[PDB]
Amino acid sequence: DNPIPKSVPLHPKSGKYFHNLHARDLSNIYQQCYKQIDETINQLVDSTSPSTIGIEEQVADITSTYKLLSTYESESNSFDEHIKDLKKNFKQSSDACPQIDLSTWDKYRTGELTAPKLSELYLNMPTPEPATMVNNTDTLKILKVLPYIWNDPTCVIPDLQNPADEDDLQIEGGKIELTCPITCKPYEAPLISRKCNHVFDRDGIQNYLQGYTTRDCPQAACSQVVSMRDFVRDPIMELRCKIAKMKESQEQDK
């Protein structure tokens, strides 16, 4: 009866096999999926036939697969975390078990000694969802805003730190300017600050901070001490200007 034990510890010769256990990396593929996603909004924005429909449909579809892909990714990241933990726990538990020998073998078979069984520990992993954070991915904000800026490149968008939040935007009144506050000319290389949401054209702060270490933010000298590193590229503002330039272009030739 029970000729073979329920489990035995990790054998020294199985060290390399255990070590190599891991879920196949998909980082490179996910990366390309997101890049493929991006390149699609670009051509969408850059080649969609004259507005008066906005693009609310197109955006809905794209955001639907974007979120899907993102849901998949989080599960994958979670999967690795669980595999790694479960393995680390197995190894430590396995290392406290006596090696197999003429006496030990009967004990593992009878139950006196019990070794950890990785296959069972694997089947019985957490399995929660999402278990991560609703990361504010740059590409998600563009999707959220896009339909609004398409029909009105100046519409005042209010605060959004948690996009993907199926809800309408608190579109304020008036309209923002597609012109750099340090050139008074329409943008051409918008840059947004990280510690404050002020956007200046590249040559704006490029020359404003030129020769200085950390000058206060130009806008009303906004307290925030800034530097070139604090200025990212503004996809949203570039989208606005991109759209305005297309509207002006479509106003003359349509």
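The first residue of the sequence shown is number 1, and the count goes up from there.
Colleague: State which stretch shows the higher mean Cα B factor in the entry: 23 to 31 or 45 to 53.
Modeller: For C-alpha atoms only, the mean B-factor is higher in 45 to 53.
Colleague: Compare the mean C-alpha B-factor of 78 to 86 with that of 159 to 167 as given in the PDB entry, and name the stretch with the higher value.
Modeller: Per the PDB entry, the higher value belongs to 159 to 167.
Colleague: Go through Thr137, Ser119, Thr154, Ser103 one by one and give the residue whose Cα B-factor in the PDB entry is largest.
Modeller: Comparing C-alpha B-factors across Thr137, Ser119, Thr154, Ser103, the top value belongs to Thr137.
Colleague: So where's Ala131 on the chain's Cα temperature factor ranking, which third?
Modeller: As the PDB entry reports it, the C-alpha B-factor of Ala131 lands in the highest third of its chain.
Colleague: Sorting the chain's CA B-factors, does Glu177 end up in the lowest, middle or highest third?
Modeller: According to the entry, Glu177 has a C-alpha B-factor in the chain's middle third.
Colleague: Among all modelled residues of this chain, ranked by Cα B factor, put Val199 in the bottom, middle or top third, i.e. lowest, middle or highest.
Modeller: Answer is middle: the recorded C-alpha B-factor places it there.
Colleague: Would the CA B-factor of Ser223 place it in the lowest, middle or highest third of its chain?
Modeller: Ranked within chain, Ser223 CA B lands in the highest tercile.
Colleague: Select lowest, middle or highest to describe the third in which the CA B-factor of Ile149 falls within its chain in this entry.
Modeller: As the PDB entry reports it, the C-alpha B-factor of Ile149 lands in the middle third of its chain.
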